[PDB]
Amino acid sequence: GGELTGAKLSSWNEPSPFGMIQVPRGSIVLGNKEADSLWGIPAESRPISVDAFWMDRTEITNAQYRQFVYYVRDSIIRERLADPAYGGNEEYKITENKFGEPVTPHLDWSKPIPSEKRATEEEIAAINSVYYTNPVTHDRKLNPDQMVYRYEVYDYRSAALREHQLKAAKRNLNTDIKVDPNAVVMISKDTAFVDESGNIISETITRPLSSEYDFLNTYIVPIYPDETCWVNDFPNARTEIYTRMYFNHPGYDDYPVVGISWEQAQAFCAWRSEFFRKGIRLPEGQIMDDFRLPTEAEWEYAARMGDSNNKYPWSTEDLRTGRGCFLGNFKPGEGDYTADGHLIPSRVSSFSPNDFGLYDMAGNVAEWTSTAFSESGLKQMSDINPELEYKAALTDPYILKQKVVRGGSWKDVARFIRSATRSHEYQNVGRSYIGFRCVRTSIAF
Amino acid sequence: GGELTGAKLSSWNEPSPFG
Amino acid sequence: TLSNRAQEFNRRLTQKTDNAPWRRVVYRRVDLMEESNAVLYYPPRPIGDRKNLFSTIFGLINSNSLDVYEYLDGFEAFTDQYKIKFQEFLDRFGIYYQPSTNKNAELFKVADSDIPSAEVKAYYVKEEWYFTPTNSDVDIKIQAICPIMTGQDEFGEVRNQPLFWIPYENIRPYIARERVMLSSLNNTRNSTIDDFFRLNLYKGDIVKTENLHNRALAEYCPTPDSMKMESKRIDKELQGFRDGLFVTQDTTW
Ligand SMILES: *[C@H]1O[C@H](CO)[C@@H](O[C@@H]2O[C@@H](C)[C@H](O)[C@@H](O)[C@H]2O)[C@H](O)[C@@H]1O[C@H]1O[C@H](C(=O)O)[C@@H](O[C@H]2O[C@H](CO)[C@@H](O[C@@H]3O[C@@H](C)[C@@H](O)[C@@H](O)[C@@H]3O)[C@H](O)[C@H]2O)[C@H](O)[C@H]1O
Ligand SMILES: *[C@H]1O[C@H](CO)[C@@H](O[C@@H]2O[C@@H](C)[C@H](O)[C@@H](O)[C@H]2O)[C@H](O)[C@@H]1O[C@H]1O[C@H](C(=O)O)[C@@H](O[C@H]2O[C@H](CO)[C@@H](O[C@@H]3O[C@@H](C)[C@@H](O)[C@@H](O)[C@@H]3O)[C@H](O)[C@H]2O)[C@H](O)[C@H]1O
Ligand SMILES: *[C@H]1O[C@H](CO)[C@@H](O)[C@H](O)[C@@H]1O
Ligand SMILES: [Ca+2]
């Protein structure tokens, strides 16, 4: 043998994500130590520590989400092209390699989709299958009920739990206890499928723990933004113009995307992870982490620049610069949204960034986090990398499907744009004042 | 695939109404 | 009733003090006549479907959905031998009752005016401060609560009789569903009794501590002022332990 040298692994390459800044590991006291005493809300504070991660410089914009929408549209169109029901062209679905060996069927993204003017009747029908025309206004728009994205997520943390060991003998390390043969562990997972009628069937399956497939969750989510939020959020207002133009006007391309629910944000993050992985070369053994919504603790740490003395994403305690310019896009005056120059959201990066380099962590649009909402959630999370993760069952009461929202929006008063203030929203609800940005755990040494 | 660029729309021309 | 996901989440949201290197049990008296403590008091009598904590406890006991145990002077024994029989509690504390109309969810018939939801004006809280071994942080776990009826003493003077001990695990599922308002300046019912207890929003004076002599503060603090002083001293001891855990604010380097 010899002396004890090391079995060094193969060096990896870390690709720095585009549009993201690095947030270092550190500690912060989440919450505020003083209360308003007019809001009747006790002050809750808890010191926590987080590891380094990549965070999006700005909130996701209309064009960035339109990229996801267009990917879904193109994939569905290609699936229909290589389909006997609409077309039948086999060239849009590869099933064999150059040698004839059977392989996993998949789309051939190399060959361009037929152009509408140059397309044949079958190709035109397949292309139009994902569109919908208003019989009255004669307006052709992507069908929201057809823009559905399918994705699976493996629950590594649940599979790592000691109670979920696939072997019964390994679920208890106490030798005094004998493993009951009859003992059964019940596990819950999510699945979804498209039936012959075309309707999306989503279900939560509860069954005895028997295999790794017990830790795989499958979702088919309609991902087209809910543009009607503008009308629904504000009764007795002329906000239909935004319901018609905000997501469809080229001038709003760099404005944050709104009307996105928590589930749609998770689907977008999964699509972004898959898209990023497809376009990179990874040596053998390299393992990366996926894009995700931030935890509320991570978001609060990043908004306050890892400093417990900051109430807002800026060093000063005021809300305006020395010259009277506001530091964010919120509702500063009574019925006075425009005091900062903007009524509805504004182009990302319209104000000065953080010390970390982040824009619009206060105001503009409030942002989804991955944390489930609980009134005593700060006490129930951990000290390190705090998280309160809940995968609600479909038949669960609606009250259990609330997720934490952070930052404040264009319609919030200065209290709710404070970095320590927590809001919440139901996971299936989209609002004209809630957007989101993504994070990615960074392996740094 | 690649990184998260944008799917921009085609720019429009805004007419200024007379009067 | 609960889904598998909810059961797993709830069992993940339970505090464990099994292998704590440090522990301390403290018995506190929480006075409902104080702001931020009247959360357990409002409403003194039910208003439609709105009940205070003792109204909920009495209702659950009227069914077979809550096991409560006798209040002994010196120790707590939550065993079947000390389980409280509802019949021989109303007579003991003189609560008027009638035969029930149905044995399901109704052991007897008690009018609202009979239920001492407004006379019960203080609670006993048995907290356990513990130091988590894996995380190295200090937390508090509530073990039991005990309502205190403030009914007048016969022949004169005021007499405060503890009623019984409610193991917190027994009542936790029921009080996690009833929303309450935490302030008089904000009447929104955005919290629950479970959140109120888990956030340690109650303010009480230490009346007992688990020691080697089984002594209570009353046995060696005659005057109320001395009792308050001793409670302050014990609270200083606990806060000093927490402060001495860490060295990040020592600038003597
Ligand atoms: C495009 O996406 C839409 C969803 O938005 C899909 O449409 C859904 O399904 C159709 C059939 C119905 O109309 C609806 O239910 C609708 O919502 C549509 O089918 C497309 O997605 C599907 O096809 C993709 C493709 O053909 O590229 C799949 O791509 C990915 O999955 C492959 C699975 O093997 C994967 O290959 C595997 O991984 C790579 C890294 C490599 O190791 C390879 O050998 C492996 O086999 C691809 O790389 C992925 O891009 C997509 O998953 C699938 O849903
Ligand atoms: C979620 O669940 C549904 C079933 O409830 C899946 O199936 C769809 O639903 C039916 C009703 C429709 O006709 C179709 O749309 C159909 O595709 C759905 O796709 C989702 O499946 C996901 O969850 C499954 C699960 O939890 O059961 C996963 O496991 C299953 O598939 C495995 C594939 O290898 C299979 O393993 C194979 O069979 C076993 C018997 C054994 O021989 C093993 O060696 C084989 O590999 C599992 O046993 C199945 O349970 C599924 O992969 C996953 O996509
Ligand atoms: C009041 O004074 C008595 C006598 O010193 C003490 O026993 C008690 O703790 C309190 O300080
Ligand atoms: Ca924002």
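Per chain, numbering begins at 1; letters A, B, ... match sequence-line order.
Of the N and O atoms on the side chains of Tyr202(C) and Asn200(C), at least one donor lies less than 3.5 Å from an acceptor on the other residue. In the model, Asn37(C) has no side-chain atom that pairs as donor or acceptor with a side-chain atom of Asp31(C) under 3.5 Å. In this model, a donor atom of one side chain and an acceptor atom of the other lie less than 3.5 Å apart for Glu387(A) and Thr371(A). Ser261(A) and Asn428(A) are not linked by any side-chain donor-acceptor pair at a separation below 3.5 angstrom, with hydrogens and angles left out of the test. Side-chain contact check for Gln239(C) and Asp235(C): no donor-acceptor pair (N or O, by modelled atom type) lies under 3.5 Å. Side chain to side chain, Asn160(C) and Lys121(C) fail the donor-acceptor criterion of an N or O pair below 3.5 Å.
For the pair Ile175(C) and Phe196(C), the minimum side-chain heavy-atom distance is 4.5 Å or more. Within the 4.5 Å cutoff, no side-chain heavy atoms of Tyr27(C) are placed close to those of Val125(C). Proximity of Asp383(A) to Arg46(A): side-chain heavy atoms (C-beta onward) are separated by under 4.5 Å at one or more points. The shortest distance between side-chain heavy atoms of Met181(C) and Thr188(C) does not fall below 4.5 Å. Contact annotation: the side chain of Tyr42(C) never approaches that of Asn187(C) to less than 4.5 Å [non-hydrogen atoms, C-beta and beyond]. Taking 4.5 Å as the limit, some side-chain heavy atom of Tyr337(A) sits within range of a side-chain heavy atom of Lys411(A). Within the 4.5 Å cutoff, no side-chain heavy atoms of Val207(C) are placed close to those of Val26(C). Residues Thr316(A) and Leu327(A) meet the side-chain proximity criterion, which asks for heavy atoms closer than 4.5 Å.
Under a 4.0 Å N-O distance rule, the pair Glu128(C)/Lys126(C) does not qualify as a salt bridge. Under 4.0 Å is where a charged nitrogen must lie from a carboxylate oxygen, and between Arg422(A) and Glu296(A) at least one such pair does. Note on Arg57(A) versus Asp360(A): no salt bridge recorded, every NZ/NE/NH1/NH2 to OD/OE distance being 4.0 Å or above. Ionic pairing of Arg292(A) and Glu298(A) is present here: one or more N-O contacts between side-chain nitrogen and carboxylate oxygen are shorter than 4.0 angstrom. A salt bridge is absent between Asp139(C) and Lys379(A); no separation between the charged side-chain nitrogens and carboxylate oxygens falls under 4.0 Å. Using a cutoff of 4.0 Å between basic side-chain nitrogens and carboxylate oxygens, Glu8(C) and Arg11(C) are not scored as salt-bridged. The pair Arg45(C)-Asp112(C) does not count as a salt bridge, with every side-chain nitrogen at least 4.0 angstrom from each carboxylate oxygen. Salt bridge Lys203(C)/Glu34(C): absent, no basic N to carboxylate O contact under 4.0 Å. Residues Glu127(C) and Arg28(C) are paired through a salt bridge, judged by an N-O separation under 4.0 Å between the basic side chain and the carboxylate.
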Go through the steps for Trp22(C) and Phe241(C) under the test ring-ring contact (aromatic ring centres under 6.0 Å, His included), then give the verdict. CA-CA 10 Å; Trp22(C) 175 86; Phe241(C) 171 78; 3.8 Å; yes
For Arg418(A) and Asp36(A), run salt bridge (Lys or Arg N to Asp or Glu O under 4.0 Å): C-alpha distance rounded to whole Å, both residues' side-chain angles, the deciding distance at 0.1 Å, then the answer. CA-CA 12 Å; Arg418(A) 258 159 241 163; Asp36(A) 315 53; 3.8 Å; yes
Under the criterion side-chain hydrogen bond (donor to acceptor under 3.5 Å, both in side chains), I'd like the reasoning laid out for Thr56(C) against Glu178(C): C-alpha separation, chi angles, the key distance, then a yes or no. CA-CA 9 Å; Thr56(C) 304; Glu178(C) 287 312 328; over 6 Å; no
Using the salt bridge (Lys or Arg N to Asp or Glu O under 4.0 Å) rule, take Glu425(A) and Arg431(A) through it: C-alpha gap first, then chi angles, then the decisive distance, then the call. CA-CA 9 Å; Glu425(A) 188 57 82; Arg431(A) 296 269 177 185; 3.2 Å; yes
Stepwise side-chain contact (heavy atoms from CB on, under 4.5 Å) check, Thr150(C) with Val120(C): CA-CA 6 Å; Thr150(C) 283; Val120(C) 166; over 6 Å; no
For the pair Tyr168(C) and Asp194(C), evaluate side-chain hydrogen bond (donor to acceptor under 3.5 Å, both in side chains) and give the outcome as yes or no after the intermediate values. CA-CA 10 Å; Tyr168(C) 193 77; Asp194(C) 188 54; 2.8 Å; yes
Walk me through it: do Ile145(C) and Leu53(C) pass the test side-chain contact (heavy atoms from CB on, under 4.5 Å)? CA-CA 11 Å; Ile145(C) 64 162; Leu53(C) 179 58; 4.0 Å; yes
Begin from the C-alpha positions of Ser442(A) and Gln22(A) and carry the test side-chain hydrogen bond (donor to acceptor under 3.5 Å, both in side chains) through to its verdict. CA-CA 8 Å; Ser442(A) 79; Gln22(A) 169 89 248; 3.1 Å; yes
Mind running side-chain contact (heavy atoms from CB on, under 4.5 Å) on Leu293(A) and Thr369(A) for me, showing each step along the way? CA-CA 5 Å; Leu293(A) 293 170; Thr369(A) 83; 5.7 Å; no
side-chain contact (heavy atoms from CB on, under 4.5 Å) for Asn364(A) and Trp410(A)? Distances and angles first, verdict last. CA-CA 5 Å; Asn364(A) 229 18; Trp410(A) 54 274; 5.5 Å; no
List the steps and the verdict of salt bridge (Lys or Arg N to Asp or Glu O under 4.0 Å) for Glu230(C) and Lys228(C). CA-CA 5 Å; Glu230(C) 183 62 350; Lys228(C) 329 225 164 241; over 6 Å; no
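Other residues, nucleotides and ligands contribute only 12 or fewer heavy atoms inside 6.0 Å of the CZ atom of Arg157(A). Taking a 6.0 Å sphere around CD1 of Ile384(A), one finds it holds 12 or fewer heavy atoms contributed by other residues, nucleotides or ligands. Counted within 6.0 Å of CG on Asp18(C), heavy atoms from surrounding residues, nucleotides or ligands total more than 12; the atom is thus considered enclosed. By the neighbour-count criterion of 12 heavy atoms within 6.0 Å, atom NZ of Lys16(C) is densely surrounded, having more than that number from other residues, nucleotides or ligands. Residue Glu34(A) places its CD atom among 12 or fewer non-hydrogen atoms of other residues, nucleotides or ligands, all under 6.0 Å distant. Atom CZ of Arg172(C) has more than 12 heavy atoms from other residues, nucleotides or ligands within 6.0 Å.
In terms of heavy-atom proximity, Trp230(A) sits nearest to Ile344(A) at CZ3-CG2, 3.9 Å. For the residue pair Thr192(C) and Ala176(C), the shortest heavy atom distance occurs at CG2-O, 3.9 Å.
Ring pair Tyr124(C)/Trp165(C) is parallel by interplanar angle, where below 30° counts as parallel and above 60° as perpendicular. Aromatic ring pairs are classed by plane angle as parallel below 30°, tilted from 30° to 60° and perpendicular above 60°; the pair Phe416(A) and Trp39(A) is perpendicular.
You'll find the ring centres of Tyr390(A) and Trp262(A) outside the 6.0 Å limit. Aromatic rings from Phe351(A) and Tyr359(A) are positioned such that their centres are separated by 6.0 Å or more. Remark: aromatic rings of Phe326(A) and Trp314(A) are distant, center separation not under 6.0 Å.
Only one option out of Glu300(A), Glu367(A), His424(A) pairs with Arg406(A) in a side chain to side chain donor-acceptor pair (under 3.5 Å); it is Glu300(A). Of the residues listed (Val138(C), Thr17(C), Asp137(C)), the one engaging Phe131(C) in a side-chain contact (heavy atoms from CB on, under 4.5 Å) is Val138(C), and it is the only one.
Rounding to the nearest 0.5 Å gives a distance of 9.0 Å between CE of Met305(A) and OG of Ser419(A).
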